[PDB]
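Residue numbers (the authors' numbering), protein chains in the order written: chain JH, 259 to 361; chain EC, 60 to 268; chain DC, 154 to 269; chain Id, 56 to 109; chain JD, 23 to 162; chain Jd, 24 to 160; chain IK, 38 to 188; chain IN, 39 to 116.
Using N, Cα and C, we set each Cβ at its ideal position, and we do this for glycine too.
Heads up, the thing below is written out as structure tokens.
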Amino acid sequence: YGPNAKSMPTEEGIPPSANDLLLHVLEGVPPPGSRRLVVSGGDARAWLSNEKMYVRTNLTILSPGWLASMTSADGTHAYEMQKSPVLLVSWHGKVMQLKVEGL
Amino acid sequence: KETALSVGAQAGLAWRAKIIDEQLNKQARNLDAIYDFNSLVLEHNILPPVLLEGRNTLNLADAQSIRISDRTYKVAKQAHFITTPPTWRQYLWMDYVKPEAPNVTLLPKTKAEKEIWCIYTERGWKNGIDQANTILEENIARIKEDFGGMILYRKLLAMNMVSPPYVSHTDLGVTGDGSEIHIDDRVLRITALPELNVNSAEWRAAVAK
Amino acid sequence: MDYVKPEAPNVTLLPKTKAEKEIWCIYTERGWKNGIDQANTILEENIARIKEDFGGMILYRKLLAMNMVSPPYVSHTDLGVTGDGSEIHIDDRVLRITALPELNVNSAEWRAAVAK
Amino acid sequence: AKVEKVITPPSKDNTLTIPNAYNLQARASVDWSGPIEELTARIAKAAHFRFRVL
Amino acid sequence: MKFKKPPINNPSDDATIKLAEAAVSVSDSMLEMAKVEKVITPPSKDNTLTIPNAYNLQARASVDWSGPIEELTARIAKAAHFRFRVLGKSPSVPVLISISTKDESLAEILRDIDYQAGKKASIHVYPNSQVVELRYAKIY
Amino acid sequence: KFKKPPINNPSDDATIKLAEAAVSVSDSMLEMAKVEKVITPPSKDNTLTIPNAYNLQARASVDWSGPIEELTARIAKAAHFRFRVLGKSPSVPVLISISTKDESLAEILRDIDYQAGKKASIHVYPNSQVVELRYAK
Amino acid sequence: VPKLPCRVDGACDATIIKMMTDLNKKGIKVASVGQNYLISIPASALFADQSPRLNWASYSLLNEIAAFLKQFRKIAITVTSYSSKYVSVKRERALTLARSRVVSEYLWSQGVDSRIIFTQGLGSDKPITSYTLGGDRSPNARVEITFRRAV
Amino acid sequence: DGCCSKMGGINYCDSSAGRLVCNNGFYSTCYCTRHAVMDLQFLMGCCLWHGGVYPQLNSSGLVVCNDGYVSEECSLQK
């Protein structure tokens, strides 16, 4: 390699599979260094570590768009998400909103 | 206001944790009956590790870039030794002191400050109770995570997805000088940590009835 | 629409006689009308925006039926098992789209429609 | 959606139907994600059927 | 003209509630694991040919024990009027036995002890000479 | 005229589910351990039975932790039996350890053979009053 | 907490108890056991003689049913109709189907809070009383609604 | 206020359910924790369905959500 030594990435490679913190999120263990949040309106829990939300429920969020979704072996959905004041959830064929406090 | 809020939070946290510890001690035998670690230990007093599994994974990096998979597995903590089995006391028991002396700084002298002192201490008490409940939820999550990991490892060992830990022993006879002696010297090492296998064809399915 | 009620009207000046009280009343009323019209203007700008986006996507569906737009192309590549003995993924697939939908310039292959 | 939907009539769709063998009617439970030969061999072994691959 | 439902009992606590709601899921997973392991591993034999039940062994017992093994076996043999015997050597880390049951046989209790022991210790019975034999593993 | 309910009784909705979960877990683990453990019939049990000759019915207190041949030779010497050995001692000696107060030499020999494991065995002859130490290879 | 909700809107168990007392003393059968709830109505106070038509006074009772059904949170309501043997099979089937459809569509148009309404009629195949002396005055010709309370 | 009124009274709460337990076995209409099903459709706040309020301190009246969107309704008149 010379002075410039630009090793050119002609092929980028595989995009990342999943952030592995979602497993402990799925089991309810918060990631280290994170902090607790306040969720009201339903049954869910949430965490904030690196300006990125993690949320845990068994319901289905609709509105704000998520980035990674993990499913347990029995019907529990955990989401790696952006931060939001509020989420839109279809619970049982009916649409509700769940607000989030802690931002 | 805020002083009452602080001392109410402290008193509620302490008292709620006290009642929680009393109930936890009252329900005693079924606890460790449920969490029998000492059944789970392998042949050479070695703790089987913790495994995490996932279903139906997907990531989006950006436009025209996603990646999907069906199942994932991951070792969390490596298998190692245990001179003694663990228990739940390090997972569920919590600390308790008795705060006792809030000094005379903001004592309520009139009716309005008396009643707001009462209700503000009351709501701080509720808040501390809620915080203790959150703490218990986190502990429950931790112990469930660890126990699920070891039972999942036993499952995959039955399924032939993991190599068993490989041990080794070296035996020595007499040892030491003419002043210090040991009778027989047996050395126990573990030469292969357990890990997944990637060869598909060795994997055995199971069928119930 | 974002709504937070403000409950702090900061007070600098006060009327003294009936004339300034009356002009205070009528100017507050005029401001009330102005704020109402501001809210309506914000509403109609928003409704134009959503109408624009919806018209755009239904236009794309229409023109793809018209056969003037190339539909987007995506490969998916499958892999077997992956990862070492530390952690594993069972069957990976990666989907990449390469053809962004463009507009043709070759007018011969254009399709018309007729009705009844 | 009525225009866009593609169907196939069930006269000639390619899917194995129920062979209604009596020993094939038992109940079980399974969980598997991987190869196909091991699972099919285990299923036939539970069914007391001989199993082969072309 | 009042209205009720049947189960009207004393109040509970949310912490106990969450404890039980964890425990049911753990029990489900353990049941699944046990079913899978049973149907994949064919059992072969039984410990009853090793441990037959003889007379003066049907006096019953109800127990609650969470400690070591050897003196507990000595106590139950002393209740049996049987001579007790140990072979091999006890290891450095002691064997831990936790048994919580009620009102069954000495023979079934001993079989439960042997099954809880598993890969480390074993119990044998000599009825012609009324001998309770404990034998450790040949390892370490 | 008075019969109490049990003191530690699960008279609560959380407690009954917790107790049912407990007994379920216990039964499942019992099944798991029972199907996991191996056994062996006494027909092929590899333990030397009791020779029960009258010269071996003495009682003694024994403290030893060391090699094997001198110990069993002294056992035979106190038992007034001749002792011989077929085989050869390897470089690493065979080690044993017994400390006890009151039993007979027959079960002492039984514990000797059980502690020896695969490397050695013993044989008793009361017709010709001898013990044999058989090494492995 | 002055802003956050304290209870469900328009819900009061005292009103629930009072109106179920009034319903059962009116003779419309109100049944509650476990987490399922049944309301059964004789057809004689609702329709004409084996005929799909609605008495004008019956709408007060119908609105009472609506006021009860607003007090609960549910998913699905099933309304079933049964009648007595009159001519055939098919006539009884059609009569039950029409009666159930009419009462279901009126309840949907009124302010009930549901997601799913199932409606069906079975003619006369499921009697609850062998005393078949009377005509429509016998209580087996009836209309029932069942639902399970949601959390 | 009265949750199990015209019943025996309040017994306890099920936080897994979010409803109180009356003396009869009937689930009351009150709530006993925030972790319960709330039919929610209208709420306060601003920068909703956006990145929330950007936490910078502004001398001007520019209130801008974290996605770059600027909400003059949340802001003030000039």
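- At a beta-carbon threshold of 8 Å, the residues of chain Jd lying near EC/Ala92 are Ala45, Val48 and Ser49, ordered along the chain.
- When the Cα atoms are used, EC/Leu195 and JH/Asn308 turn out to be separated by approximately 25 Å.
- Listed in chain order, the positions of the segment 56 to 85 of chain Jd with a beta carbon within less than 9 Å of a beta carbon of chain EC are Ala56.
- Taking the Cα of JH/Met354 as reference, the smallest distance to any Cα among JH/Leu320, JH/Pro290 and JH/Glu338 is reached at JH/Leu320.
- In the DSSP assignment, EC/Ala73 falls within the unbroken alpha helix (DSSP H) covering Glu61 to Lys85.
- In its chain, beyond the 5 residues on either side, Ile250, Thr251 and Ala252 have a beta carbon closer than 8 Å to the beta carbon of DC/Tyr226.
- In the structure shown, IN/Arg72 adopts coil according to DSSP, grouped into three states.
- In terms of Cβ geometry, IK/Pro176 and IK/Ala135 do not form a close pair [threshold 8 Å].
- Judged by pairs of C-beta atoms under 8 Å, the segment 152 to 161 of chain JD does not touch the segment 29 to 42 of chain Jd, as fewer than three such pairs exist.
- For the set Jd/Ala81, Jd/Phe25, Jd/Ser51 and Jd/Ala56, the Cα lying nearest the Cα of Jd/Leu128 is the one of Jd/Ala81.
- Sequence-distant partners of Jd/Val108 (beyond 5 residues in either direction) whose C-beta falls short of 6 Å from its own C-beta, in its chain, are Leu156.
- Taking 7 Å as the cut-off between beta carbons, the residues of the segment 133 to 147 of chain EC near chain JH are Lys133, in sequence order.
- At least one CB of chain DC lies nearer than 8 Å to the CB of IN/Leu86.
- Spanning the alpha carbons of JH/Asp332 and EC/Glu81 requires a straight line of approximately 33 Å.
- Between EC/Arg88 and EC/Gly187, the beta carbon gap of about 30 Å keeps them out of contact (Cβ cut-off 8 Å).
- Chain-ordered listing is empty here: chain JD has no CB closer than 7 Å to the CB of IN/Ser98, the nearest sitting near 49 Å.
- For JH/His282, the closest alpha carbon among the candidates EC/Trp176, EC/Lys77, EC/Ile240 and EC/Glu197 is that of EC/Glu197.
- Under the DSSP assignment, IK/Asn61 falls in the alpha helix (DSSP H) whose first and last residues are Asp50 to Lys63.
- The residue from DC/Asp237, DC/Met221, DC/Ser239 and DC/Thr235 with its alpha-carbon nearest to that of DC/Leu256 is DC/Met221.
- Assigned with DSSP and collapsed to three states, JD/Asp134 falls in helix.
- Among the residues facing chain EC, Id/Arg107 is not included, as its CB has no counterpart in that chain under 8 Å away.
- Judged by their CB atoms, IK/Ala113 and IK/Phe184 are nearer to each other than the 8 Å cut-off.
- In this structure, the alpha-carbon of IK/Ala104 lies about 28 Å from that of JH/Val347.
- Taking a cut-off of 8 Å on C-beta distances, the segment 235 to 250 of chain DC touches the segment 114 to 130 of chain EC, as three or more cross pairs fall below it.
- Chain-order list of chain Jd residues neighbouring EC/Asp230: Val115, by C-beta distance under 8 Å.
- The beta carbons of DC/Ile243 and Id/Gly89 sit about 7 Å from each other, so the pair counts as a contact at 8 Å.
- If you draw a straight line from the Cα of JD/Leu41 to the Cα of IK/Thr58, it is about 39 Å long.
- Counting along the chain, IK/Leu106 sits inside the alpha helix (DSSP H) bounded by residues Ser95 to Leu106.
- Residues of the segment 237 to 255 of chain DC with a C-beta atom less than 9 Å from some C-beta of chain EC are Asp237, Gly238, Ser239, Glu240, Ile241, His242, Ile243, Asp244, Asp245, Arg246, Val247, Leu248, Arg249, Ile250, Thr251 and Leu253, listed in chain order.
- The residues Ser348, in chain order, have a CB closer than 6 Å to that of JH/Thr318 in the same chain once the five nearest residues on each side in sequence are set aside.
- For IK/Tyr74, the uninterrupted beta strand (DSSP E) run begins and ends at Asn73 to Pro79, by DSSP.
- Taking JH/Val358 as reference, the option from JH/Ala263, JH/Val296, JH/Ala276 and JH/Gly271 with the minimal CA-CA separation is JH/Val296.
- A contact between stretches requires three or more CB pairs, one per stretch, nearer than 8 Å, and the segment 92 to 99 of chain Jd meets this requirement with the segment 118 to 137 of chain Jd.
- Listed by position along chain JD, the residues whose Cβ is nearer than 8 Å to that of EC/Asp95 are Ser120.
- For EC/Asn118, the beta-bridge partners assigned by DSSP are JH/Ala326 and EC/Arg126.
- From the listed residues EC/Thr142, EC/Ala160 and EC/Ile127, the smallest Cα separation to EC/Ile105 is found for EC/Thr142.
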